[PDB]
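Trainee: Dropping in input_36.tsv, which is TSV, C-alpha atoms and all ligand atoms:
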```
chain	number	residue	atom	x	y	z
A	1	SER	CA	107.81	-58.16	-95.31
A	2	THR	CA	109.99	-60.38	-93.12
A	3	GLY	CA	110.08	-61.67	-89.52
A	4	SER	CA	113.04	-62.92	-87.47
A	5	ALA	CA	112.91	-64.33	-83.95
A	6	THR	CA	115.35	-66.12	-81.63
A	7	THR	CA	114.45	-69.65	-80.58
A	8	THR	CA	115.82	-71.03	-77.29
A	9	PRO	CA	115.97	-74.61	-75.89
A	10	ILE	CA	113.70	-74.92	-72.83
A	11	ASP	CA	116.35	-76.93	-70.90
A	12	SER	CA	119.94	-78.46	-70.94
A	13	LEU	CA	118.67	-81.39	-73.01
A	14	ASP	CA	117.00	-79.32	-75.82
A	15	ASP	CA	113.71	-81.14	-75.01
A	16	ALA	CA	111.85	-78.35	-76.91
A	17	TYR	CA	112.44	-74.82	-78.30
A	18	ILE	CA	110.52	-71.59	-77.39
A	19	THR	CA	110.21	-68.36	-79.39
A	20	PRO	CA	108.69	-65.06	-78.21
A	21	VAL	CA	105.38	-64.11	-79.85
A	22	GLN	CA	103.44	-60.84	-79.35
A	23	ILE	CA	99.66	-61.28	-79.17
A	24	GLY	CA	97.03	-58.58	-78.86
A	25	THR	CA	96.89	-54.83	-78.14
A	26	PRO	CA	98.83	-53.88	-76.10
A	27	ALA	CA	101.30	-56.69	-76.82
A	28	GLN	CA	101.18	-59.75	-74.52
A	29	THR	CA	104.41	-61.73	-75.14
A	30	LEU	CA	104.11	-65.54	-74.90
A	31	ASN	CA	106.93	-68.01	-75.45
A	32	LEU	CA	105.53	-70.51	-77.92
A	33	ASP	CA	106.75	-73.86	-79.22
A	34	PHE	CA	106.90	-73.41	-83.05
A	35	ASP	CA	105.65	-76.72	-84.36
A	36	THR	CA	106.04	-77.81	-88.03
A	37	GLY	CA	104.08	-81.01	-87.20
A	38	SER	CA	100.81	-79.26	-86.19
A	39	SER	CA	98.62	-76.37	-87.37
A	40	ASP	CA	96.98	-74.83	-84.32
A	41	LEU	CA	98.22	-71.61	-82.70
A	42	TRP	CA	97.12	-72.23	-79.13
A	43	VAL	CA	98.01	-70.53	-75.89
A	44	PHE	CA	97.62	-70.83	-72.10
A	45	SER	CA	95.04	-68.22	-71.11
A	46	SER	CA	92.88	-66.48	-68.48
A	47	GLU	CA	90.28	-69.27	-69.29
A	48	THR	CA	92.58	-72.24	-68.51
A	49	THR	CA	91.48	-74.34	-65.49
A	50	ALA	CA	93.34	-72.92	-62.45
A	51	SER	CA	94.87	-76.29	-61.38
A	52	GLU	CA	96.19	-76.87	-64.93
A	53	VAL	CA	98.27	-73.64	-64.94
A	54	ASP	CA	101.69	-73.90	-63.27
A	55	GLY	CA	103.96	-70.95	-63.98
A	56	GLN	CA	103.16	-70.41	-67.70
A	57	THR	CA	102.42	-66.88	-69.07
A	58	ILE	CA	98.76	-66.48	-70.00
A	59	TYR	CA	96.90	-64.65	-72.76
A	60	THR	CA	94.02	-62.50	-71.41
A	61	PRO	CA	91.71	-61.73	-74.35
A	62	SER	CA	89.65	-59.23	-72.33
A	63	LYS	CA	92.85	-57.10	-72.05
A	64	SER	CA	93.37	-56.97	-75.83
A	65	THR	CA	91.43	-54.12	-77.55
A	66	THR	CA	91.86	-55.97	-80.92
A	67	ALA	CA	90.74	-59.44	-79.58
A	68	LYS	CA	87.41	-60.66	-81.02
A	69	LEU	CA	85.60	-63.84	-79.95
A	70	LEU	CA	85.13	-66.15	-82.93
A	71	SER	CA	81.46	-67.08	-82.51
A	72	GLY	CA	80.74	-70.74	-81.85
A	73	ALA	CA	84.32	-71.80	-82.61
A	74	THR	CA	86.01	-74.48	-80.51
A	75	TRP	CA	89.25	-76.45	-80.92
A	76	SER	CA	90.56	-79.75	-79.59
A	77	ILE	CA	93.91	-81.40	-80.41
A	78	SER	CA	95.66	-84.67	-79.43
A	79	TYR	CA	99.34	-84.99	-80.23
A	80	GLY	CA	101.38	-88.13	-81.09
A	81	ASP	CA	102.81	-88.23	-77.55
A	82	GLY	CA	99.35	-88.55	-75.92
A	83	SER	CA	99.20	-84.87	-74.90
A	84	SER	CA	96.18	-82.63	-75.58
A	85	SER	CA	94.50	-79.22	-75.16
A	86	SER	CA	91.14	-77.65	-76.10
A	87	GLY	CA	89.19	-74.40	-75.80
A	88	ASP	CA	87.59	-71.50	-77.62
A	89	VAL	CA	88.84	-69.15	-80.36
A	90	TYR	CA	89.63	-65.49	-80.71
A	91	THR	CA	91.00	-63.51	-83.64
A	92	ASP	CA	93.79	-61.07	-82.69
A	93	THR	CA	97.02	-59.42	-83.90
A	94	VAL	CA	100.06	-61.71	-83.73
A	95	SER	CA	103.62	-60.72	-84.41
A	96	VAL	CA	106.81	-62.75	-84.62
A	97	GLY	CA	110.05	-60.72	-84.72
A	98	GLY	CA	108.66	-57.75	-86.65
A	99	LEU	CA	106.30	-59.72	-88.95
A	100	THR	CA	102.66	-58.99	-88.13
A	101	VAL	CA	99.35	-60.75	-88.93
A	102	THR	CA	96.02	-59.11	-88.02
A	103	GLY	CA	92.98	-61.33	-87.48
A	104	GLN	CA	95.06	-64.43	-86.72
A	105	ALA	CA	93.06	-67.23	-84.97
A	106	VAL	CA	94.52	-67.53	-81.44
A	107	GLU	CA	93.20	-70.69	-79.83
A	108	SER	CA	92.54	-70.00	-76.16
A	109	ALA	CA	92.92	-73.05	-73.87
A	110	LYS	CA	90.20	-73.98	-71.38
A	111	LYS	CA	91.97	-77.29	-70.63
A	112	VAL	CA	95.52	-78.69	-71.15
A	113	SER	CA	96.90	-82.20	-70.39
A	114	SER	CA	99.41	-82.91	-67.59
A	115	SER	CA	102.56	-82.67	-69.80
A	116	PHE	CA	101.68	-79.08	-70.84
A	117	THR	CA	101.06	-78.15	-67.16
A	118	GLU	CA	104.47	-79.68	-66.28
A	119	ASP	CA	106.37	-77.62	-68.89
A	120	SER	CA	106.22	-74.14	-67.25
A	121	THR	CA	108.48	-72.72	-70.05
A	122	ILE	CA	105.98	-73.48	-72.86
A	123	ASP	CA	103.12	-70.93	-73.08
A	124	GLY	CA	101.46	-72.71	-76.02
A	125	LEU	CA	102.14	-73.80	-79.61
A	126	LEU	CA	102.41	-72.07	-82.99
A	127	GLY	CA	101.58	-74.58	-85.71
A	128	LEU	CA	103.59	-74.35	-88.96
A	129	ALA	CA	102.33	-77.54	-90.75
A	130	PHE	CA	99.62	-77.19	-93.54
A	131	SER	CA	96.29	-75.50	-92.51
A	132	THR	CA	94.36	-78.68	-93.50
A	133	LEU	CA	95.23	-80.13	-90.03
A	134	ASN	CA	93.75	-77.13	-88.09
A	135	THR	CA	91.25	-78.36	-85.51
A	136	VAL	CA	88.96	-75.27	-85.25
A	137	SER	CA	85.32	-76.30	-85.63
A	138	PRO	CA	82.93	-75.56	-87.28
A	139	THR	CA	85.05	-73.26	-89.45
A	140	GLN	CA	88.70	-74.34	-89.93
A	141	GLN	CA	91.36	-71.56	-89.43
A	142	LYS	CA	94.71	-70.74	-91.16
A	143	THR	CA	98.26	-70.97	-89.71
A	144	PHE	CA	100.36	-67.83	-88.98
A	145	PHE	CA	102.60	-68.73	-91.94
A	146	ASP	CA	99.50	-69.21	-94.17
A	147	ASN	CA	98.12	-65.80	-93.17
A	148	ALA	CA	101.49	-64.02	-93.74
A	149	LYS	CA	102.70	-65.95	-96.86
A	150	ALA	CA	101.38	-63.43	-99.48
A	151	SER	CA	103.01	-60.48	-97.71
A	152	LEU	CA	106.41	-62.20	-97.31
A	153	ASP	CA	109.36	-61.21	-99.57
A	154	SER	CA	109.59	-64.97	-100.41
A	155	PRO	CA	106.90	-67.51	-99.35
A	156	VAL	CA	109.24	-69.39	-96.98
A	157	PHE	CA	110.23	-69.86	-93.35
A	158	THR	CA	113.49	-71.22	-92.00
A	159	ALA	CA	114.26	-73.17	-88.87
A	160	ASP	CA	117.86	-72.87	-87.52
A	161	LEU	CA	117.65	-74.68	-84.15
A	162	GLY	CA	120.71	-74.61	-81.92
A	163	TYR	CA	122.34	-77.52	-80.07
A	164	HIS	CA	122.53	-76.29	-76.46
A	165	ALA	CA	122.43	-72.78	-77.89
A	166	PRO	CA	120.06	-70.10	-79.18
A	167	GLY	CA	118.85	-70.32	-82.74
A	168	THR	CA	116.58	-68.56	-85.22
A	169	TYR	CA	113.17	-68.76	-86.99
A	170	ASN	CA	113.06	-66.44	-90.06
A	171	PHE	CA	109.94	-65.67	-92.17
A	172	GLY	CA	110.10	-64.38	-95.73
A	173	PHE	CA	113.84	-64.71	-96.43
A	174	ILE	CA	116.88	-67.01	-96.55
A	175	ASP	CA	119.88	-65.96	-94.48
A	176	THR	CA	122.78	-67.05	-96.73
A	177	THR	CA	125.27	-66.48	-93.88
A	178	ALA	CA	123.38	-69.10	-91.67
A	179	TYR	CA	124.74	-72.20	-93.51
A	180	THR	CA	127.68	-73.79	-95.34
A	181	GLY	CA	127.60	-75.13	-98.90
A	182	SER	CA	124.27	-75.21	-100.75
A	183	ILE	CA	120.67	-75.82	-99.83
A	184	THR	CA	119.43	-79.10	-101.34
A	185	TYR	CA	115.74	-79.11	-102.02
A	186	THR	CA	113.59	-82.20	-101.88
A	187	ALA	CA	109.95	-83.02	-102.81
A	188	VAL	CA	107.13	-82.65	-100.22
A	189	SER	CA	103.77	-84.41	-99.99
A	190	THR	CA	101.04	-82.43	-98.27
A	191	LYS	CA	98.51	-85.41	-98.33
A	192	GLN	CA	98.70	-85.98	-94.55
A	193	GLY	CA	98.98	-82.20	-93.85
A	194	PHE	CA	102.67	-82.42	-92.87
A	195	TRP	CA	106.03	-81.29	-94.36
A	196	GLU	CA	106.49	-84.89	-95.52
A	197	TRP	CA	109.55	-85.88	-97.53
A	198	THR	CA	111.67	-88.93	-98.44
A	199	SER	CA	115.22	-89.24	-97.17
A	200	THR	CA	117.61	-91.07	-99.49
A	201	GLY	CA	119.20	-93.12	-96.68
A	202	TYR	CA	121.63	-93.11	-93.81
A	203	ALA	CA	125.08	-93.89	-92.39
A	204	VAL	CA	126.15	-94.72	-88.81
A	205	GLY	CA	129.32	-92.86	-87.76
A	206	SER	CA	132.01	-93.48	-90.42
A	207	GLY	CA	130.08	-96.51	-91.82
A	208	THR	CA	128.83	-97.14	-95.40
A	209	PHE	CA	125.94	-95.01	-96.60
A	210	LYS	CA	122.92	-97.26	-96.95
A	211	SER	CA	120.76	-96.09	-99.85
A	212	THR	CA	117.12	-96.56	-98.84
A	213	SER	CA	113.93	-94.48	-99.00
A	214	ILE	CA	112.80	-93.24	-95.60
A	215	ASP	CA	109.52	-91.36	-95.77
A	216	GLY	CA	109.08	-88.99	-92.82
A	217	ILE	CA	108.05	-85.48	-91.66
A	218	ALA	CA	110.15	-82.44	-90.73
A	219	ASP	CA	108.80	-81.85	-87.22
A	220	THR	CA	110.22	-79.08	-84.98
A	221	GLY	CA	107.61	-79.98	-82.34
A	222	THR	CA	109.06	-83.46	-81.72
A	223	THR	CA	112.27	-83.75	-79.69
A	224	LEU	CA	113.77	-86.96	-81.08
A	225	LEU	CA	114.61	-88.65	-84.37
A	226	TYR	CA	112.14	-91.52	-84.99
A	227	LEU	CA	113.21	-93.99	-87.69
A	228	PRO	CA	112.43	-97.59	-88.86
A	229	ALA	CA	113.44	-100.32	-86.43
A	230	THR	CA	116.01	-101.80	-88.85
A	231	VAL	CA	117.72	-98.36	-89.05
A	232	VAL	CA	117.55	-97.72	-85.29
A	233	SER	CA	118.89	-101.24	-84.45
A	234	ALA	CA	121.84	-100.69	-86.85
A	235	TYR	CA	122.63	-97.37	-85.07
A	236	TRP	CA	122.46	-98.66	-81.45
A	237	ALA	CA	124.36	-101.84	-82.42
A	238	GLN	CA	127.41	-99.52	-82.75
A	239	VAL	CA	127.17	-98.43	-79.07
A	240	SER	CA	128.64	-100.81	-76.49
A	241	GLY	CA	126.06	-101.73	-73.84
A	242	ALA	CA	123.10	-100.14	-75.64
A	243	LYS	CA	119.81	-102.03	-75.48
A	244	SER	CA	116.12	-101.48	-76.15
A	245	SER	CA	114.48	-101.19	-72.70
A	246	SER	CA	110.74	-101.96	-72.45
A	247	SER	CA	110.59	-100.42	-68.92
A	248	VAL	CA	112.14	-97.13	-70.11
A	249	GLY	CA	110.29	-97.30	-73.45
A	250	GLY	CA	113.17	-97.23	-75.90
A	251	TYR	CA	116.90	-97.49	-76.49
A	252	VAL	CA	119.17	-96.68	-73.56
A	253	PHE	CA	123.00	-96.65	-73.45
A	254	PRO	CA	125.73	-96.29	-70.77
A	255	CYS	CA	126.18	-92.59	-69.94
A	256	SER	CA	130.01	-92.97	-70.25
A	257	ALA	CA	129.70	-93.85	-74.02
A	258	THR	CA	130.84	-91.55	-76.82
A	259	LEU	CA	128.02	-91.91	-79.38
A	260	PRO	CA	128.79	-92.20	-83.09
A	261	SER	CA	127.27	-89.62	-85.46
A	262	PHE	CA	124.19	-90.27	-87.62
A	263	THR	CA	123.93	-89.13	-91.24
A	264	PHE	CA	120.70	-88.78	-93.23
A	265	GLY	CA	120.49	-88.25	-96.98
A	266	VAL	CA	118.73	-85.28	-98.64
A	267	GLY	CA	118.95	-86.22	-102.35
A	268	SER	CA	122.69	-86.63	-103.04
A	269	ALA	CA	123.40	-84.31	-100.04
A	270	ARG	CA	124.17	-85.55	-96.52
A	271	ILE	CA	123.34	-84.05	-93.13
A	272	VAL	CA	125.58	-85.24	-90.29
A	273	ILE	CA	124.09	-85.30	-86.78
A	274	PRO	CA	127.01	-85.28	-84.30
A	275	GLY	CA	126.90	-88.07	-81.70
A	276	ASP	CA	126.56	-85.61	-78.81
A	277	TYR	CA	123.12	-84.54	-80.22
A	278	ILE	CA	121.85	-88.12	-79.65
A	279	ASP	CA	122.49	-88.04	-75.86
A	280	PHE	CA	119.37	-87.24	-73.80
A	281	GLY	CA	120.98	-87.76	-70.34
A	282	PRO	CA	120.15	-90.07	-67.44
A	283	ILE	CA	116.90	-92.10	-67.72
A	284	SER	CA	116.13	-90.99	-64.12
A	285	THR	CA	117.89	-88.51	-61.81
A	286	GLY	CA	121.26	-89.98	-60.76
A	287	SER	CA	121.12	-92.98	-63.12
A	288	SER	CA	124.21	-94.08	-65.08
A	289	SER	CA	121.90	-95.29	-67.94
A	290	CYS	CA	121.15	-92.58	-70.51
A	291	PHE	CA	118.20	-92.22	-72.93
A	292	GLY	CA	118.78	-92.29	-76.70
A	293	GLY	CA	117.89	-89.54	-79.19
A	294	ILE	CA	117.26	-92.02	-82.05
A	295	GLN	CA	114.19	-94.20	-81.39
A	296	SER	CA	112.03	-96.66	-83.37
A	297	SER	CA	108.97	-95.32	-85.19
A	298	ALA	CA	107.33	-98.84	-85.24
A	299	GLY	CA	104.47	-97.90	-82.88
A	300	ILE	CA	103.95	-94.41	-84.47
A	301	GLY	CA	102.90	-95.11	-88.03
A	302	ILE	CA	105.30	-92.52	-89.54
A	303	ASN	CA	109.02	-91.60	-89.39
A	304	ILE	CA	109.74	-88.26	-87.63
A	305	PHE	CA	112.71	-86.04	-88.37
A	306	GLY	CA	112.40	-84.20	-85.04
A	307	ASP	CA	114.74	-81.62	-83.41
A	308	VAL	CA	117.63	-84.15	-83.10
A	309	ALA	CA	117.86	-84.23	-86.88
A	310	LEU	CA	116.66	-80.71	-87.76
A	311	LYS	CA	119.07	-78.95	-85.37
A	312	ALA	CA	121.96	-80.46	-87.38
A	313	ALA	CA	120.73	-78.44	-90.42
A	314	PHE	CA	119.52	-75.04	-91.68
A	315	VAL	CA	115.99	-75.99	-92.81
A	316	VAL	CA	113.89	-74.14	-95.39
A	317	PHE	CA	110.15	-74.77	-95.32
A	318	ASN	CA	109.28	-73.53	-98.81
A	319	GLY	CA	105.62	-72.55	-99.09
A	320	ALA	CA	105.75	-71.98	-102.87
A	321	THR	CA	102.78	-73.24	-105.15
A	322	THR	CA	104.43	-76.64	-104.85
A	323	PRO	CA	105.92	-76.76	-101.36
A	324	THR	CA	109.43	-78.23	-100.97
A	325	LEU	CA	111.94	-78.66	-98.12
A	326	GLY	CA	115.48	-77.36	-98.21
A	327	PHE	CA	118.33	-78.66	-96.06
A	328	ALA	CA	121.84	-77.39	-95.73
A	329	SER	CA	124.75	-78.17	-93.39
A	330	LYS	CA	125.68	-75.32	-90.95
B	1	LIG	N1	104.51	-82.35	-80.83
B	1	LIG	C1	103.79	-81.24	-80.24
B	1	LIG	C2	104.06	-81.18	-78.74
B	1	LIG	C3	104.92	-80.23	-78.23
B	1	LIG	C4	105.19	-80.18	-76.86
B	1	LIG	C5	104.58	-81.09	-76.01
B	1	LIG	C6	104.83	-81.03	-74.51
B	1	LIG	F1	105.95	-81.74	-74.19
B	1	LIG	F2	104.97	-79.71	-74.15
B	1	LIG	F3	103.79	-81.59	-73.82
B	1	LIG	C7	103.70	-82.03	-76.53
B	1	LIG	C8	103.43	-82.07	-77.89
```
Show me the file's structure as structure tokens.
Ligand SMILES: NCc1ccc(C(F)(F)F)cc1
Mentor:
Amino acid sequence: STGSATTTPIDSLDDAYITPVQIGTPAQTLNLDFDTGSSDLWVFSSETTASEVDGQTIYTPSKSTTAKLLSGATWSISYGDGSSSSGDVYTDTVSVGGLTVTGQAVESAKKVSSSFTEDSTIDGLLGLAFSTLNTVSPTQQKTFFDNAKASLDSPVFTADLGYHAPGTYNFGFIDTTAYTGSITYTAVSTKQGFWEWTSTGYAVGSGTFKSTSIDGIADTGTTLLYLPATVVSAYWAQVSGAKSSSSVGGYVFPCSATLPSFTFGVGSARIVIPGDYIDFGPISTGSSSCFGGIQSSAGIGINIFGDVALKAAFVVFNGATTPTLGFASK
């Protein structure tokens, strides 16, 4: 079996991507943020605290004839950005573009943090990292990809995120028309539960490729590219007027600048992120100072190849016996 769904940026800045998901019987469509950096499928629901719901579409388990309360199960997650959500669990039918899973754990939110309330376009998350990170207690649950993997034509899923444009999430197959050249595969470590790999280095614009091992995760749920401070300082040093602002919380640059591109290595292959992808607009409404898309990972603990980097490539998340990551230019 296969699944194919269109993913859309939530705003003009590509702050996040949403993808329609059908839950329950009859189908209740929720626009979820597919997240390769987490492993909980959670949604805004009829149980969410009234004041914490602001325009999102909710899941009403009592209206699904196939929804079953998972006895004594609760979930609670805190993301790298300081955001969080928690609640109870149901098992229900979940479909993504024609691919269906019955008995999928659907984590119903009782509470969500301010940033989730503020994003009215995000109805919840669909975790695509390894099921070892799932927060359901006392009995851990599997991801949608984990539940479907055996039935797929090929145990893979691809992320083809668009820059200011619609894109695609495919399950079970590789669309050979969705990329140029070849897919270069690289080794993955599942020790921290993430699609963790090692980049072979970087270049800034037309500069010399610096060969250096950058360990990081492929994370569709994180907007920006987070890299070591030495790497990030070398990039912003090429932009006139760019500086690291402690008030803003990262590198800012004059909005009139034309940013150089950023290249990251995948084995001997190279993925080029065009400079325009690194522009995240004014720091505040009306400001002539813009926020950067490449930031330091020094206070994070790990490097994150977020949407800024992933949207420059066709990305294969290979769930074979030994998982690997594939990257191709597009
Ligand atoms: N990395 C997961 C994630 C995704 C979205 C959000 C936000 F912005 F919706 F709150 C927070 C955390």
Trainee: Neighbouring residues of ligand LIG 1 (chain B) are defined here as those with any atom at most 8 Å from a ligand atom, counting all atoms listed in the file; list them as a list in words.
Mentor: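 So, counting all atoms listed in the file, the residues near ligand LIG 1 (chain B) are residues 15, 16, 33, 35, 37, 38, 79, 80, 81, 82, 83, 84, 113, 114, 115, 116, 117, 118, 119, 122, 125, 219, 220, 221, 222 and 223 of chain A.
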Trainee: Find the distance between CA of residue 195 (chain A) and CA of residue 317 (chain A) and write it in Å to one decimal.
Mentor: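 Atom-to-atom, CA of residue 195 (chain A) to CA of residue 317 (chain A), that is 7.8 Å.
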Trainee: List every residue of region 45-98 of chain A that has an atom at most 12 Å from any atom of region 3-13 of chain A, giving for each one its closest atom pair and the distance in Å to one decimal, counting only C-alpha atoms, sorted by chain and then by ascending residue number, as CSV.
Mentor:
```
residue,atom,partner,partner_atom,distance
A:94,CA,A:3,CA,11.6
A:95,CA,A:3,CA,8.3
A:96,CA,A:3,CA,6.0
A:97,CA,A:4,CA,4.6
A:98,CA,A:3,CA,5.1
```
Trainee: Rank nothing, just name the residue among A:211, A:121, A:268, A:180 nearest to residue 20 (chain A), using only C-alpha atoms.
Mentor: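 Answer, going by the shortest atom-to-atom distance: A:121.
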Trainee: With distances taken over all atoms listed in the file, which residue among A:315, A:306, A:249, A:204 lies nearest residue 262 (chain A)?
Mentor: A:204
Trainee: Just how far from CA of residue 253 (chain A) is CA of residue 212 (chain A), in Å to one decimal?
Mentor: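 Pair CA of residue 212 (chain A) / CA of residue 253 (chain A) returns 26.1 Å.
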Trainee: If you measure from CA of residue 301 (chain A) to CA of residue 200 (chain A), what distance in Å do you get, rounded to one decimal?
Mentor: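 These atoms are spaced 19.1 Å apart.
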Trainee: For residue 273 (chain A), which of A:51, A:247, A:154, A:206 is the closest residue, counting all atoms listed in the file?
Mentor: A:206
Trainee: Between A:214, A:266, A:231, A:316, which has the minimum distance to residue 303 (chain A) (counting all atoms listed in the file)?
Mentor: A:214
Trainee: Have a look at A:31, A:264, A:54, A:289 and name the one nearest to residue 243 (chain A); count all atoms listed in the file.
Mentor: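 Ranked by minimum distance to residue 243 (chain A), first place goes to A:289.
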Trainee: Up to 7 Å from (84.3, -69.5, -82.0) in the file's coordinates: name the residues, counting only C-alpha atoms, as an mmCIF file with C-alpha atoms, in the frame of the given file.
Mentor:
```
data_model
loop_
_atom_site.group_PDB
_atom_site.id
_atom_site.type_symbol
_atom_site.label_atom_id
_atom_site.label_comp_id
_atom_site.auth_asym_id
_atom_site.auth_seq_id
_atom_site.Cartn_x
_atom_site.Cartn_y
_atom_site.Cartn_z
ATOM 1 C CA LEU A 69 85.600 -63.840 -79.950
ATOM 2 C CA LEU A 70 85.130 -66.150 -82.930
ATOM 3 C CA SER A 71 81.460 -67.080 -82.510
ATOM 4 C CA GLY A 72 80.740 -70.740 -81.850
ATOM 5 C CA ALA A 73 84.320 -71.800 -82.610
ATOM 6 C CA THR A 74 86.010 -74.480 -80.510
ATOM 7 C CA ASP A 88 87.590 -71.500 -77.620
ATOM 8 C CA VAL A 89 88.840 -69.150 -80.360
ATOM 9 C CA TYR A 90 89.630 -65.490 -80.710
#
```
Trainee: Please return, as number ranges by chain, all polymer residues that have at least one atom within 10 Å of the point (93.3, -74.8, -81.5); use all atoms listed in the file and the file's own coordinate frame.
Mentor: A: 38-43, 73-77, 85-89, 105-109, 125-127, 134-137, 140-141
